[PDB]
Amino acid sequence: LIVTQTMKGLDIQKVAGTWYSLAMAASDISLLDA
Amino acid sequence: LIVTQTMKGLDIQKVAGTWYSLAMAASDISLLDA
Amino acid sequence: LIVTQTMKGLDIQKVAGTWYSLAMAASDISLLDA
Amino acid sequence: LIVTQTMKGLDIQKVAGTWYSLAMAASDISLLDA
Amino acid sequence: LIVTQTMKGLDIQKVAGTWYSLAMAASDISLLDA
């Protein structure tokens, strides 16, 4: 697994609540949500 | 697995609630949601 | 598996609720939803 | 499997509820929905 | 399998409910829905 993530010139504004990331990379990602 | 994710010039505004990413990459992604 | 995902010039506005990504890539994606 | 996904100039506005992605790519995708 | 998906100049507005993607690509897609 080779991963490249690139972000340029984002404007992010008035984020409420909960914010985990902009980029995620793993061999496995597990989300358990309730 | 080779992954490339590129984002340019996004405006993201007034996000309420929950926000995990803009980009996700893995070998496995599992979401369990209730 | 080779994956390329490119996004340019998005405006995203007044997102309520839950938002996991704009881009997902894996070898396997599993979503279990209730 | 070679996948190319490109998005340009989207306006996304007043999204309620649940939003997983704009782009998905895998070798297998599984959705179990209730 | 070679897949190319391109989207330009979409306006998406007042999406309620649940929204998984605009583009999906796999070698196999399985949706089980109830």
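Residue numbers (the authors' numbering), protein chains in the order written: chain E, 1 to 34; chain D, 1 to 34; chain C, 1 to 34; chain B, 1 to 34; chain A, 1 to 34. From the three backbone atoms N, C-alpha and C, an ideal C-beta is built for every residue, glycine too.
Run of the beta strand (DSSP E) containing residue i, from where it starts to where it stops
i, result
"residue 25(B)", "23–25"
"residue 8(C)", "2–8"
Proximity of residue i and residue j at Cβ, strictly below 7 angstroms
i, j, result
"residue 2(E)", "residue 2(D)", "yes"
"residue 27(A)", "residue 27(B)", "yes"
"residue 7(C)", "residue 7(B)", "yes"
"residue 34(B)", "residue 34(C)", "yes"
Cα-Cα separation, residue i to residue j
i, j, result
"residue 12(B)", "residue 18(E)", "20 angstroms"
"residue 14(D)", "residue 14(A)", "14 angstroms"
"residue 5(C)", "residue 10(A)", "17 angstroms"
Exposure of residue i, with buried meaning 16 or more beta-carbon neighbours within 10 Å
i, result
"residue 31(B)", "buried"
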